[PDB]
Each structure stands twice: as structure tokens, then as C-alpha cells.
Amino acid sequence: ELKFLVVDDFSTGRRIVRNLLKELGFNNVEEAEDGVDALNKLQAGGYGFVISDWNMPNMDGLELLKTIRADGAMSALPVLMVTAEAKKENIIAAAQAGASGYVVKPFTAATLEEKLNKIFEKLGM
């Protein structure tokens, strides 16, 4: 199925998210640790979705978004932003950078589910 990219400098969170996808039925889930680790991986292609945390060393989440969009060969990539807290000014900054969406961690498997479907609802799937 789709090759998701889960980006997070926290082993645990990449574990949780990786598992919410599998328990949701998405097996092809590779992972990255920061904006840089992601970009280098995405640059090979074949990746169809990107979920990434916000705070990250080398290149944070909002930058990784600004960079993916600004690359023709990755402009069209959905990008779920994994925030922490509530309705932080971030949300609008993710919107500003054209985030395909955002989830406030911790999020249940069903919340990921509700989120991705709306993303797939907007694009198509």
C-alpha cells in the first residue's frame, strides 16, 4: 500500500505513530528523525504521505513542510503535522505553509483515522 514517512526525533513517537498506521491497515511505513533525515529519504521518491512532528533538531516540522511544498517533486505530498497541546498559533502557521492537516498528540488510532480520511477526502481516496 502507500508508503508513509513518519518523522520524529523521538524513538517512542515514531513507534506509536508507526503502530497506529499498521493497526489502521497501512503497512508501508518507513521513518525519519528530522527534517534532514526526511528530505534525504523523500528525495528518492515512492513516498506517498508524510506525517511529521513539530519540534525537531536540524530541521523542524514547519521547515520540512516549507521545503516539501517548495519542491515541485514533493509539492503534492500530503503532510500531516503532529502538534502538541491544543489550537496553538502553530496550527495557522501549518495552514499558512499549507499543511494538509494536523493532529494534537496524544491522538488515538481512531483520530489518526478520522484525520487521514478527511485528507483522502480532499485529495481522493
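Note that residue numbering follows the sequence shown and begins at 1.
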| item | value |
| --- | --- |
| Which of 60 to 68 and 40 to 48 has higher mean CA B factor, as the PDB entry lists it | 40 to 48 |
| 27 to 35 set against 87 to 95, stretch whose average Cα temperature factor tops the other in the entry | 87 to 95 |
| Residue of maximum C-alpha B factor among 109, 116, 103, 16, per deposited coordinates | 109 |
| Record-listed C-alpha B factor of residue 7: chain third | lowest |
